[PDB]
Amino acid sequence: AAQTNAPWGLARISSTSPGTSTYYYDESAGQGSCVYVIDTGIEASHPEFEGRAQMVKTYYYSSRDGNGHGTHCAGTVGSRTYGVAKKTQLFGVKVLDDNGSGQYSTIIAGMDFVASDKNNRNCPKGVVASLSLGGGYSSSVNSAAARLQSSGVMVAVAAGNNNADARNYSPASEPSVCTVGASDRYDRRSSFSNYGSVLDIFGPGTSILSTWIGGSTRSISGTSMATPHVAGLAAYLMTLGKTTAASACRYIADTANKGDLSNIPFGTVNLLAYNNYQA
């Protein structure tokens, strides 16, 4: 299934060469998969989600996304126009208030909630979590993602947007999850994208156009935009049955495009998400 006029990033994870417009993907499109989108929420009413985005927990007075950065990166996972698994099931864990922040204690509990909420859902292909967050280092947040990862969920966390070694920021530092760097449309590492040894894959994260609140769209930039690309790809491949949940970070790493990113510091992987969709 080819998508004309697709975002530069959807197309970039389905091509070996940058600068294309078409997003080629398997007809399945991640159906039977659940991607817990852990952010500022989801505007589950957005027409783009087609009745597949569902708010299941909030840690503030409202389940509403009054920010967008939650509805955006949920739309990058599995919205019909700007998603990677545009048939997946989305679940909104609102651990961030309507302006980005949120305690470390809440983020752990939202992660701890996904590990147990999945045990009463219909996700036969598998359960994924896109973590489009990222504060400073925290062995508690890291433990919370490893515990979430080592429970049956494919955890995808952002390296961070501060152009440094990601190992000083959580849950990016956590080895067992899939820490995601950010790539720009000319196959260069995003100016902000954190680097490091613990990074496991890079995704399209600069000028990422996807859903927004108010039924609109927006092009924003961050590793938290490169994250949901890889989160839906993981679900696109676990629906494809190509890989398993607690094993899906490495398939993307092993099936990635290698040696195509410019400015990857010596020691950081040079891997870009590629869905291998041979038409």
# chains A, B, ... in the order shown; residues from 1 in each chain; ligands from 1
call {"tool": "residues_around", "arguments": {"residues": "residue 266 (chain A)", "least_positions_apart": "4", "cutoff": "10 Å", "atoms": "only C-alpha atoms", "output": "list in words"}}
result
residues 195, 196, 197 and 270 of chain A
call {"tool": "write_last_selection", "arguments": {"atoms": "N, CA and C atoms", "output": "compact mmCIF listing (two decimals), in the first residue's frame"}}
result
# COMPACT_ATOMS: atom_id res chain seq x y z
N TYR A 195 23.00 11.89 20.97
CA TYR A 195 23.82 10.80 20.49
C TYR A 195 24.30 9.98 21.68
N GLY A 196 24.99 8.89 21.39
CA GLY A 196 25.54 8.07 22.45
C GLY A 196 25.63 6.62 22.04
N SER A 197 26.33 5.86 22.89
CA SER A 197 26.44 4.42 22.68
C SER A 197 25.10 3.73 22.91
N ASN A 270 24.89 4.27 13.48
CA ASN A 270 24.42 4.95 12.28
C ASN A 270 23.31 4.11 11.65
call {"tool": "residues_around", "arguments": {"residues": "residue 275 (chain A)", "least_positions_apart": "5", "cutoff": "7 Å", "atoms": "only C-alpha atoms", "output": "list in words"}}
result
residues 13, 14 and 233 of chain A
call {"tool": "write_last_selection", "arguments": {"atoms": "C-alpha atoms", "output": "PDB file, in the first residue's frame"}}
result
ATOM      1  CA  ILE A  13      11.268   4.742   6.861  1.00  0.00           C
ATOM      2  CA  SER A  14      10.017   2.959   3.721  1.00  0.00           C
ATOM      3  CA  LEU A 233       7.075   0.588  12.875  1.00  0.00           C
TER       4      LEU A 233
END
call {"tool": "residues_around", "arguments": {"residues": "residue 55 (chain A)", "least_positions_apart": "6", "cutoff": "7 Å", "atoms": "only C-alpha atoms", "output": "MDAnalysis selection string"}}
result
chainID A and resid 42 44 63 91:93
call {"tool": "residues_around", "arguments": {"residues": "region 243-248 of chain A", "least_positions_apart": "2", "cutoff": "7 Å", "atoms": "only C-alpha atoms", "output": "ChimeraX atom specification"}}
result
/A:126-127,149-150,152-154,234,237-238,241,250-252
call {"tool": "write_last_selection", "arguments": {"atoms": "N, CA, C and O atoms", "output": "mmCIF file, in the first residue's frame"}}
result
data_model
loop_
_atom_site.group_PDB
_atom_site.id
_atom_site.type_symbol
_atom_site.label_atom_id
_atom_site.label_comp_id
_atom_site.auth_asym_id
_atom_site.auth_seq_id
_atom_site.Cartn_x
_atom_site.Cartn_y
_atom_site.Cartn_z
ATOM 1 N N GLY A 126 0.529 -7.620 19.573
ATOM 2 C CA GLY A 126 1.488 -7.175 20.564
ATOM 3 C C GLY A 126 1.197 -5.801 21.129
ATOM 4 O O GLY A 126 0.330 -5.081 20.623
ATOM 5 N N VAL A 127 1.921 -5.425 22.178
ATOM 6 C CA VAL A 127 1.698 -4.174 22.890
ATOM 7 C C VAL A 127 2.965 -3.336 22.799
ATOM 8 O O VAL A 127 4.055 -3.808 23.146
ATOM 9 N N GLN A 149 9.351 -2.544 29.933
ATOM 10 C CA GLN A 149 9.843 -3.308 28.791
ATOM 11 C C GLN A 149 9.854 -4.800 29.093
ATOM 12 O O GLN A 149 9.407 -5.613 28.276
ATOM 13 N N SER A 150 10.360 -5.180 30.266
ATOM 14 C CA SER A 150 10.443 -6.585 30.646
ATOM 15 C C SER A 150 9.120 -7.141 31.172
ATOM 16 O O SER A 150 9.125 -8.111 31.940
ATOM 17 N N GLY A 152 6.382 -7.266 28.699
ATOM 18 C CA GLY A 152 5.681 -7.603 27.473
ATOM 19 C C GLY A 152 5.449 -6.435 26.541
ATOM 20 O O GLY A 152 4.804 -6.620 25.500
ATOM 21 N N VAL A 153 5.940 -5.239 26.847
ATOM 22 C CA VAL A 153 5.695 -4.056 26.035
ATOM 23 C C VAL A 153 6.977 -3.684 25.310
ATOM 24 O O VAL A 153 8.071 -3.760 25.881
ATOM 25 N N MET A 154 6.838 -3.299 24.045
ATOM 26 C CA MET A 154 7.943 -2.704 23.305
ATOM 27 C C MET A 154 8.010 -1.230 23.670
ATOM 28 O O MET A 154 7.188 -0.431 23.215
ATOM 29 N N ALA A 234 7.602 -0.660 14.898
ATOM 30 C CA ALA A 234 7.630 -1.848 15.743
ATOM 31 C C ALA A 234 6.287 -2.565 15.724
ATOM 32 O O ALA A 234 6.231 -3.796 15.626
ATOM 33 N N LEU A 237 5.559 -4.165 12.379
ATOM 34 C CA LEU A 237 6.283 -5.417 12.213
ATOM 35 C C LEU A 237 5.810 -6.509 13.165
ATOM 36 O O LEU A 237 5.915 -7.694 12.828
ATOM 37 N N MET A 238 5.300 -6.154 14.349
ATOM 38 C CA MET A 238 4.733 -7.188 15.210
ATOM 39 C C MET A 238 3.336 -7.593 14.761
ATOM 40 O O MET A 238 2.903 -8.717 15.038
ATOM 41 N N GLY A 241 4.053 -9.872 12.301
ATOM 42 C CA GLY A 241 4.604 -11.046 12.944
ATOM 43 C C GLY A 241 6.086 -11.200 12.675
ATOM 44 O O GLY A 241 6.674 -12.248 12.960
ATOM 45 N N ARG A 250 15.510 -4.734 18.277
ATOM 46 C CA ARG A 250 16.679 -5.235 17.570
ATOM 47 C C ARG A 250 16.380 -5.570 16.115
ATOM 48 O O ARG A 250 17.270 -5.454 15.266
ATOM 49 N N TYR A 251 15.156 -6.002 15.805
ATOM 50 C CA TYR A 251 14.788 -6.213 14.410
ATOM 51 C C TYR A 251 14.922 -4.918 13.625
ATOM 52 O O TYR A 251 15.555 -4.882 12.565
ATOM 53 N N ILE A 252 14.349 -3.834 14.154
ATOM 54 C CA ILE A 252 14.497 -2.521 13.535
ATOM 55 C C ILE A 252 15.967 -2.131 13.456
ATOM 56 O O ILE A 252 16.412 -1.532 12.471
#
call {"tool": "closest_atom_pairs", "arguments": {"of": "region 64-116 of chain A", "to": "region 169-178 of chain A", "cutoff": "10 Å", "atoms": "only C-alpha atoms", "output": "Markdown table"}}
result
| residue | atom | partner | partner_atom | distance |
| --- | --- | --- | --- | --- |
| A:104 | CA | A:170 | CA | 9.4 |
| A:107 | CA | A:171 | CA | 9.8 |
| A:108 | CA | A:171 | CA | 9.7 |
call {"tool": "closest_residue", "arguments": {"among": "A:242, A:94, A:218, A:258", "to": "residue 82 (chain A)", "atoms": "only C-alpha atoms"}}
result
A:218
call {"tool": "select_by_dssp", "arguments": {"residues": "region 49-143 of chain A", "states": "strand (DSSP E)", "output": "PyMOL selection string"}}
result
chain A and resi 53-58+89-94+126-131+135-136
call {"tool": "write_last_selection", "arguments": {"atoms": "N, CA and C atoms", "output": "PDB file, in the first residue's frame"}}
result
ATOM      1  N   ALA A  53      -7.991   5.929  18.391  1.00  0.00           N
ATOM      2  CA  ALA A  53      -7.340   6.534  19.541  1.00  0.00           C
ATOM      3  C   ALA A  53      -8.311   6.519  20.713  1.00  0.00           C
ATOM      4  N   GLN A  54      -7.823   6.096  21.874  1.00  0.00           N
ATOM      5  CA  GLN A  54      -8.662   5.949  23.054  1.00  0.00           C
ATOM      6  C   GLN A  54      -7.878   6.381  24.279  1.00  0.00           C
ATOM      7  N   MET A  55      -8.413   7.343  25.020  1.00  0.00           N
ATOM      8  CA  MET A  55      -7.807   7.725  26.286  1.00  0.00           C
ATOM      9  C   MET A  55      -8.197   6.708  27.349  1.00  0.00           C
ATOM     10  N   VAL A  56      -7.200   6.172  28.045  1.00  0.00           N
ATOM     11  CA  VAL A  56      -7.440   5.134  29.034  1.00  0.00           C
ATOM     12  C   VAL A  56      -6.995   5.534  30.430  1.00  0.00           C
ATOM     13  N   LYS A  57      -6.090   6.497  30.569  1.00  0.00           N
ATOM     14  CA  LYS A  57      -5.713   6.984  31.885  1.00  0.00           C
ATOM     15  C   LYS A  57      -5.163   8.393  31.751  1.00  0.00           C
ATOM     16  N   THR A  58      -5.439   9.199  32.768  1.00  0.00           N
ATOM     17  CA  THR A  58      -4.887  10.534  32.903  1.00  0.00           C
ATOM     18  C   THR A  58      -4.390  10.705  34.329  1.00  0.00           C
ATOM     19  N   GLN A  89      -4.191   0.193  17.158  1.00  0.00           N
ATOM     20  CA  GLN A  89      -5.010   0.723  18.239  1.00  0.00           C
ATOM     21  C   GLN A  89      -4.140   1.582  19.151  1.00  0.00           C
ATOM     22  N   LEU A  90      -4.617   2.781  19.463  1.00  0.00           N
ATOM     23  CA  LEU A  90      -3.870   3.749  20.254  1.00  0.00           C
ATOM     24  C   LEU A  90      -4.533   3.932  21.611  1.00  0.00           C
ATOM     25  N   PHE A  91      -3.715   4.010  22.658  1.00  0.00           N
ATOM     26  CA  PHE A  91      -4.200   4.220  24.017  1.00  0.00           C
ATOM     27  C   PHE A  91      -3.430   5.372  24.645  1.00  0.00           C
ATOM     28  N   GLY A  92      -4.158   6.376  25.131  1.00  0.00           N
ATOM     29  CA  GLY A  92      -3.547   7.586  25.646  1.00  0.00           C
ATOM     30  C   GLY A  92      -3.323   7.611  27.144  1.00  0.00           C
ATOM     31  N   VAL A  93      -2.061   7.524  27.555  1.00  0.00           N
ATOM     32  CA  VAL A  93      -1.665   7.678  28.950  1.00  0.00           C
ATOM     33  C   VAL A  93      -1.182   9.110  29.131  1.00  0.00           C
ATOM     34  N   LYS A  94      -2.004   9.934  29.776  1.00  0.00           N
ATOM     35  CA  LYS A  94      -1.701  11.353  29.942  1.00  0.00           C
ATOM     36  C   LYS A  94      -0.911  11.538  31.230  1.00  0.00           C
ATOM     37  N   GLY A 126       0.529  -7.620  19.573  1.00  0.00           N
ATOM     38  CA  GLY A 126       1.488  -7.175  20.564  1.00  0.00           C
ATOM     39  C   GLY A 126       1.197  -5.801  21.129  1.00  0.00           C
ATOM     40  N   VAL A 127       1.921  -5.425  22.178  1.00  0.00           N
ATOM     41  CA  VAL A 127       1.698  -4.174  22.890  1.00  0.00           C
ATOM     42  C   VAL A 127       2.965  -3.336  22.799  1.00  0.00           C
ATOM     43  N   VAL A 128       2.815  -2.093  22.346  1.00  0.00           N
ATOM     44  CA  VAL A 128       3.912  -1.147  22.210  1.00  0.00           C
ATOM     45  C   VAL A 128       3.611   0.070  23.078  1.00  0.00           C
ATOM     46  N   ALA A 129       4.678   0.737  23.510  1.00  0.00           N
ATOM     47  CA  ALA A 129       4.583   2.010  24.215  1.00  0.00           C
ATOM     48  C   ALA A 129       5.562   2.986  23.585  1.00  0.00           C
ATOM     49  N   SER A 130       5.049   4.114  23.102  1.00  0.00           N
ATOM     50  CA  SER A 130       5.886   5.212  22.635  1.00  0.00           C
ATOM     51  C   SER A 130       6.028   6.232  23.757  1.00  0.00           C
ATOM     52  N   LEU A 131       7.257   6.455  24.204  1.00  0.00           N
ATOM     53  CA  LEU A 131       7.538   7.389  25.289  1.00  0.00           C
ATOM     54  C   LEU A 131       8.147   8.647  24.677  1.00  0.00           C
ATOM     55  N   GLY A 135      13.151  13.433  30.784  1.00  0.00           N
ATOM     56  CA  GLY A 135      13.850  14.334  31.665  1.00  0.00           C
ATOM     57  C   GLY A 135      15.271  13.875  31.900  1.00  0.00           C
ATOM     58  N   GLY A 136      15.898  14.445  32.924  1.00  0.00           N
ATOM     59  CA  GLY A 136      17.246  14.055  33.292  1.00  0.00           C
ATOM     60  C   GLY A 136      17.336  12.613  33.751  1.00  0.00           C
TER      61      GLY A 136
END
call {"tool": "residues_around", "arguments": {"residues": "residue 210 (chain A)", "least_positions_apart": "5", "cutoff": "7 Å", "atoms": "only C-alpha atoms", "output": "ChimeraX atom specification"}}
result
/A:72,75-76,82,217-219
call {"tool": "write_last_selection", "arguments": {"atoms": "N, CA, C and O atoms", "output": "compact mmCIF listing (two decimals), in the first residue's frame"}}
result
# COMPACT_ATOMS: atom_id res chain seq x y z
N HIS A 72 -0.14 14.73 18.60
CA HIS A 72 0.79 14.71 17.47
C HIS A 72 1.47 13.35 17.35
O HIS A 72 1.38 12.68 16.32
N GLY A 75 -0.55 10.53 16.52
CA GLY A 75 -0.84 10.55 15.10
C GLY A 75 0.32 10.07 14.26
O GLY A 75 0.12 9.51 13.18
N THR A 76 1.55 10.29 14.73
CA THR A 76 2.72 9.77 14.04
C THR A 76 2.83 8.26 14.18
O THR A 76 3.41 7.60 13.31
N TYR A 82 -0.70 10.42 8.89
CA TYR A 82 0.65 10.69 9.38
C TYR A 82 1.18 9.61 10.31
O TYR A 82 2.15 9.85 11.03
N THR A 217 -3.38 19.95 12.10
CA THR A 217 -2.09 19.29 12.02
C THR A 217 -1.00 20.28 12.41
O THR A 217 -1.28 21.44 12.73
N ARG A 218 0.24 19.81 12.40
CA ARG A 218 1.38 20.65 12.73
C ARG A 218 2.66 19.91 12.40
O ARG A 218 2.72 18.68 12.49
N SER A 219 3.68 20.66 12.01
CA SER A 219 5.03 20.14 11.79
C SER A 219 5.90 20.62 12.94
O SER A 219 6.28 21.80 12.99
call {"tool": "closest_residue", "arguments": {"among": "A:147, A:229, A:185, A:167", "to": "residue 10 (chain A)", "atoms": "only C-alpha atoms"}}
result
A:229
call {"tool": "decode", "arguments": {"residues": "region 149-182 of chain A", "atoms": "N, CA, C and O atoms", "output": "CSV table (one decimal), in the first residue's frame"}}
result
chain,number,residue,atom,x,y,z
A,149,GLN,N,9.4,-2.5,29.9
A,149,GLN,CA,9.8,-3.3,28.8
A,149,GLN,C,9.9,-4.8,29.1
A,149,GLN,O,9.4,-5.6,28.3
A,150,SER,N,10.4,-5.2,30.3
A,150,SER,CA,10.4,-6.6,30.6
A,150,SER,C,9.1,-7.1,31.2
A,150,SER,O,9.1,-8.1,31.9
A,151,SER,N,8.0,-6.6,30.8
A,151,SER,CA,6.7,-7.1,31.1
A,151,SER,C,5.9,-7.5,29.9
A,151,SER,O,4.8,-8.1,30.1
A,152,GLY,N,6.4,-7.3,28.7
A,152,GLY,CA,5.7,-7.6,27.5
A,152,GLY,C,5.4,-6.4,26.5
A,152,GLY,O,4.8,-6.6,25.5
A,153,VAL,N,5.9,-5.2,26.8
A,153,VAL,CA,5.7,-4.1,26.0
A,153,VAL,C,7.0,-3.7,25.3
A,153,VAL,O,8.1,-3.8,25.9
A,154,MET,N,6.8,-3.3,24.0
A,154,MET,CA,7.9,-2.7,23.3
A,154,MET,C,8.0,-1.2,23.7
A,154,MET,O,7.2,-0.4,23.2
A,155,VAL,N,9.0,-0.9,24.5
A,155,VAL,CA,9.1,0.5,25.0
A,155,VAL,C,10.0,1.3,24.0
A,155,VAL,O,11.1,0.8,23.7
A,156,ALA,N,9.6,2.4,23.5
A,156,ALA,CA,10.3,3.2,22.6
A,156,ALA,C,10.4,4.6,23.2
A,156,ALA,O,9.4,5.3,23.4
A,157,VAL,N,11.6,5.0,23.6
A,157,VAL,CA,11.9,6.2,24.3
A,157,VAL,C,12.8,7.1,23.5
A,157,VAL,O,13.6,6.6,22.7
A,158,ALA,N,12.6,8.4,23.7
A,158,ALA,CA,13.4,9.4,22.9
A,158,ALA,C,14.7,9.7,23.6
A,158,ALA,O,14.9,9.8,24.8
A,159,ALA,N,15.8,9.8,22.7
A,159,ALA,CA,17.1,10.0,23.2
A,159,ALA,C,17.2,11.4,24.0
A,159,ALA,O,17.9,11.4,25.0
A,160,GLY,N,16.4,12.4,23.5
A,160,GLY,CA,16.5,13.7,24.1
A,160,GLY,C,16.9,14.8,23.1
A,160,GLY,O,17.6,14.5,22.1
A,161,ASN,N,16.5,16.0,23.3
A,161,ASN,CA,16.7,17.1,22.4
A,161,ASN,C,17.7,18.1,22.8
A,161,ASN,O,17.6,19.3,22.5
A,162,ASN,N,18.8,17.7,23.4
A,162,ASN,CA,19.8,18.6,24.0
A,162,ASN,C,21.2,18.3,23.5
A,162,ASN,O,22.2,18.6,24.1
A,163,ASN,N,21.3,17.6,22.3
A,163,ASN,CA,22.6,17.5,21.5
A,163,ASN,C,23.7,17.1,22.5
A,163,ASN,O,24.8,17.7,22.6
A,164,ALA,N,23.6,16.0,23.2
A,164,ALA,CA,24.6,15.4,24.1
A,164,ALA,C,24.4,13.9,24.2
A,164,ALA,O,23.6,13.3,23.5
A,165,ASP,N,25.2,13.3,25.0
A,165,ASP,CA,25.1,11.9,25.3
A,165,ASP,C,23.8,11.6,26.0
A,165,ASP,O,23.6,12.0,27.1
A,166,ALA,N,23.0,10.8,25.4
A,166,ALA,CA,21.7,10.5,25.9
A,166,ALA,C,21.7,9.8,27.3
A,166,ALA,O,20.7,9.8,28.0
A,167,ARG,N,22.8,9.1,27.6
A,167,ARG,CA,22.9,8.3,28.8
A,167,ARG,C,22.7,9.2,30.1
A,167,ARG,O,22.7,8.6,31.2
A,168,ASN,N,22.7,10.5,30.0
A,168,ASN,CA,22.4,11.3,31.2
A,168,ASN,C,21.0,11.7,31.4
A,168,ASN,O,20.7,12.6,32.2
A,169,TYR,N,20.1,11.1,30.6
A,169,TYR,CA,18.7,11.4,30.6
A,169,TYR,C,17.9,10.1,30.6
A,169,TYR,O,18.2,9.1,30.0
A,170,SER,N,16.8,10.2,31.4
A,170,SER,CA,15.9,9.0,31.5
A,170,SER,C,14.5,9.3,30.8
A,170,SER,O,14.1,10.4,30.8
A,171,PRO,N,13.9,8.3,30.3
A,171,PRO,CA,14.3,6.9,30.3
A,171,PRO,C,15.2,6.5,29.1
A,171,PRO,O,15.4,5.3,28.9
A,172,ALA,N,15.8,7.5,28.5
A,172,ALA,CA,16.7,7.3,27.3
A,172,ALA,C,17.8,6.4,27.7
A,172,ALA,O,18.2,5.5,26.9
A,173,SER,N,18.4,6.6,28.9
A,173,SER,CA,19.6,5.9,29.3
A,173,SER,C,19.4,4.4,29.4
A,173,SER,O,20.3,3.6,29.3
A,174,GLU,N,18.1,4.0,29.6
A,174,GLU,CA,17.8,2.6,29.9
A,174,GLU,C,18.2,1.7,28.8
A,174,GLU,O,17.8,1.8,27.7
A,175,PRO,N,19.1,0.7,29.1
A,175,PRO,CA,19.5,-0.2,28.0
A,175,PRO,C,18.4,-1.0,27.3
A,175,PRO,O,18.4,-1.1,26.1
A,176,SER,N,17.5,-1.6,28.1
A,176,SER,CA,16.6,-2.6,27.6
A,176,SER,C,15.5,-2.0,26.7
A,176,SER,O,14.8,-2.8,26.1
A,177,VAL,N,15.3,-0.7,26.7
A,177,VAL,CA,14.3,-0.1,25.8
A,177,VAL,C,15.0,0.3,24.5
A,177,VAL,O,16.2,0.0,24.3
A,178,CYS,N,14.3,1.0,23.6
A,178,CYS,CA,14.8,1.3,22.3
A,178,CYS,C,14.9,2.9,22.2
A,178,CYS,O,13.9,3.5,21.9
A,179,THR,N,16.1,3.4,22.7
A,179,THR,CA,16.3,4.8,22.6
A,179,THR,C,16.5,5.3,21.2
A,179,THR,O,17.2,4.7,20.4
A,180,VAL,N,15.8,6.4,20.8
A,180,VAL,CA,15.6,6.8,19.4
A,180,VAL,C,16.2,8.1,19.2
A,180,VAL,O,15.8,9.1,19.9
A,181,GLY,N,17.2,8.2,18.3
A,181,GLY,CA,17.7,9.5,17.8
A,181,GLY,C,16.8,10.1,16.7
A,181,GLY,O,15.9,9.4,16.2
A,182,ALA,N,17.1,11.3,16.4
A,182,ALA,CA,16.2,12.1,15.5
A,182,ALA,C,17.0,12.4,14.2
A,182,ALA,O,18.2,12.8,14.3
